[PDB]
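Inside the fold
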Amino acid sequence: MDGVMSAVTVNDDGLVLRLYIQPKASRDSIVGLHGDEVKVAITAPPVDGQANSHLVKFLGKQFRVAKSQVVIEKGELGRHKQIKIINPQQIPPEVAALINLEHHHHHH
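Residues numbered from 1 in each chain as written, not as in the entry; some residues may be left out. Heavy atoms only, no water. Residues with missing side-chain atoms left out of burial classes, pairs and counts.

The protein chain has the name orf, hypothetical protein in the PDB entry, where Escherichia coli is given as its organism. Listed as the entry title in the PDB record is "Solution NMR Structure of Protein yggU from Escherichia coli. Northeast Structural Genomics Consortium Target ER14". The record in UniProt for the protein chain states the following under Sequence similarities: "Belongs to the UPF0235 family." (UniProt positions renumbered as here; feature names shortened; annotations may be inferred.)

Quick look at the layout of surface pockets
What the largest pocket holds in volume is close to 570 Å³. Contributing elements (two or more residues each) for the lining of the largest pocket: β1 (8–10), β2 (14–22), β3 (29–33), β4 (38–41), α1 (48–62) and α2 (93–101). At five residues, α2 tops the list of elements feeding residues into the lining of the largest pocket. For the lining of the largest pocket, the per-class residue count stands at 21 nonpolar, four polar and four charged. Taken as a whole, the second largest pocket encloses approximately 280 Å³ of empty space. Of all the secondary-structure elements, those providing two or more residues to the lining of the second largest pocket are α1 and β6 (80–86). Here the element with the most residues in the lining of the second largest pocket is α1; it accounts for four residues. (1 Å grid on protein atoms, 1.4 Å probe; cavity = no way out; pocket = protein on both sides within 12 Å on 5 of 7 lines; lining within 4 Å. Points joined across faces, edges and corners; volume = space filled by probe spheres on them. Helix = DSSP H or I, 4+ residues; strand = E, 2+ residues; numbered from the N terminus. Nonpolar A, V, L, I, M, F, W, Y, C, P; charged D, E, K, R; others polar.)

Pasting the structure below:
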């Protein structure tokens, strides 16, 4: 929106995943990843029970963590999503690109 650039935060417990869920796409594909936001299209119906199931899955699977480690801080009923990964086990490059800083400047 202005000058902040967010989408995820690394606390002292794990990491937060804040993106914009887009249900009724056709396939769980991240084709709307923004430099300041993240837009993923899940192929889940307009109901949470079905979407939420996919949500806890996509992460729980891709992150391989746990459902007890995946806390939805917001999005339960909104396109927005704020999942929290406690005791992370596997972090995809996607979120790593902002944590691993793929940039360099002859730093020591």
